[PDB]
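Read off the chains here:
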Amino acid sequence: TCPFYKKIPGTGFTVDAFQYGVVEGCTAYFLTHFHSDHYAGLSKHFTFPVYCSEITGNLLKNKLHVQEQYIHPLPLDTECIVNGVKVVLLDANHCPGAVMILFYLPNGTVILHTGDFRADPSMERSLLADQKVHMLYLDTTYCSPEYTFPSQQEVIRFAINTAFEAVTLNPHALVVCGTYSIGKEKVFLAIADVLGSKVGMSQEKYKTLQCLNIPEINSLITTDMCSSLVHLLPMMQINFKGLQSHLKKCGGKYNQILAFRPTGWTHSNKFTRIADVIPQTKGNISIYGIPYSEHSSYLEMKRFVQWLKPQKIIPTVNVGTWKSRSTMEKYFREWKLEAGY
Ligand code: NI
């Protein structure tokens, strides 16, 4: 049944709660972003109002065939009224179209649901700075101090320099980038840009990217694989078997693959610097795992919460075990005592 942490008290609202059937007493279903653990259950047969960003509403219509009359897209950074309650959508710094939601309850409580986010200091100068937040529904994916990772910028720098070196040394090398959802587009687009190529992909993935309002997108992507030296493939195919296979398909146009797997965190983060990342190589195939995260590091999350000073925190990730729950609650108390709220 619908967990409490998907329900917004004092409203008839739910957040990312599409897999429970009809939630009893829910008059509006918010969707923070287009990732499957969050949209699970939406289809053309859904007949309740869904509130979301423009981008997320393009994906609902075009990819899941939700009928237009049930999609209620909202502009960002704008006070809007939904079933008599003031709300604001803010950028979540996650994937394209991902939002955080501010709810201004009739009784005077203010609630921020982060959806999935990567906390950033730029958030300290949105509409959040203007008033106090009593309850925080927090993306806790990496709420433990072992989770450090580089900035997105340092990671993209590493990838651009690696790819550019490899292809200038060998103009017959192919670059492959793995994907399984939206998000992380900068990886493959930045690499294609430095190489003077478009990114070649399947028709289903090209359709997905055309929903996202990226500027100049017709200039960076294509479904003609033959004319491209940066190919996007399902993350499942980013392994030695899958890449040998794919290489055979290119018909002797290429004699080497350099592949990128942008993971979340992986334990080499505890030791290794970005400068010091190396591939796994077999034959004429190399695979780089790069730590491109679209969730907060532990330290980014701590800063955000210590700035915001909420009165109550409700975790939305890693809530299924007692040892996780208990550990998270201990960090929340540490942060509150160190900062004095
Ligand atoms: Ni997500």
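Rules and cut-offs
- Residues numbered from 1 in each chain as written, not as in the entry; some residues may be left out.
- Heavy atoms only, no water.
- Residues with missing side-chain atoms left out of burial classes, pairs and counts.
- Core = buried A, V, L, I, M, F, W, Y, C linked by side-chain atoms within 4.5 Å.
- Buried < 20%, exposed > 50% of the residue type's maximum accessible area, 1.4 Å probe, protein only.
- Helix = DSSP H or I, 4+ residues; strand = E, 2+ residues; numbered from the N terminus.
- Domains from an automatic or database assignment.
- Contact = heavy atoms within 4.5 Å.
- Salt bridge = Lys/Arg side-chain N within 4 Å of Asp/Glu carboxyl O.
- Nonpolar A, V, L, I, M, F, W, Y, C, P; charged D, E, K, R; others polar.
- Pairing = 2+ DSSP bridges.

- Method-wise, the PDB entry is recorded as coming from X-ray crystallography, at a reported resolution of 1.8100 Å.

## Looking at the nonpolar core
No. 1: Core analysis: the biggest nonpolar cluster contains 82 residues, and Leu-42, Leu-60, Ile-191, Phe-260 and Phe-304 have the highest contact counts within it.
No. 2: Here this core gets eight residues from one element, more than from any other, and that element is helix α3 (residues 152–169).
No. 3: Both domain 1 (1–147 + 296–341) and domain 2 (148–295) contribute no fewer than three residues apiece to this core.
No. 4: The contacts of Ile-191, once residues within four sequence positions are left out, are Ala-159, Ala-163, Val-175, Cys-177, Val-230 and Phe-260.
No. 5: Ranked by size, the runner-up nonpolar core spans 22 residues in total, among them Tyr-5, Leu-74, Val-85 and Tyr-137.

## Considering the pattern of salt bridges
No. 1: Within the structure shown, the criterion is met by five salt bridges.
No. 2: Residues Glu-68 and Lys-61 are paired through a salt bridge, measuring 3.4 Å at the closest nitrogen-oxygen approach.
No. 3: Two residues, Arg-303 and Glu-124, come together in a salt bridge whose shortest N-O distance is 2.9 Å. Here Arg-303 is found in helix α8 (residues 298–308), whereas its partner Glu-124 is found in the loop between β9 (110–113) and β10 (135–138), with 179 residues between them in sequence.
No. 4: Exposure remark for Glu-124: the relative accessible area of 14% places this residue in the buried category.

## Observations concerning the domain arrangement of the chain
No. 1: Looking at the chain, the domain boundaries give domain 1 (1–147 + 296–341) and domain 2 (148–295).
No. 2: A straight line from the C-alpha centre of domain 1 to that of domain 2 covers 30 Å.
No. 3: Contact residues are listed per partner, giving 25 residues for domain 1 and 20 residues for domain 2.
No. 4: Across the side of domain 1 that touches domain 2, the residue classes break down as nine nonpolar, nine polar and seven charged.

## Focus on the sheet that holds strand β12 (residues 199–200)
No. 1: Pairing within the open sheet is mixed, and its seven strands lie in the order β13-β12-β14-β11-β15-β17-β16. Each edge of the open sheet carries a strand with a single partner, namely β13 (221–222) and β16 (280–282).
No. 2: Pairing between strand β11 (residues 173–179) and strand β15 (residues 256–262): five bridges, direction parallel. Counterpart to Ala-173 in the pairing with β15 is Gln-256.

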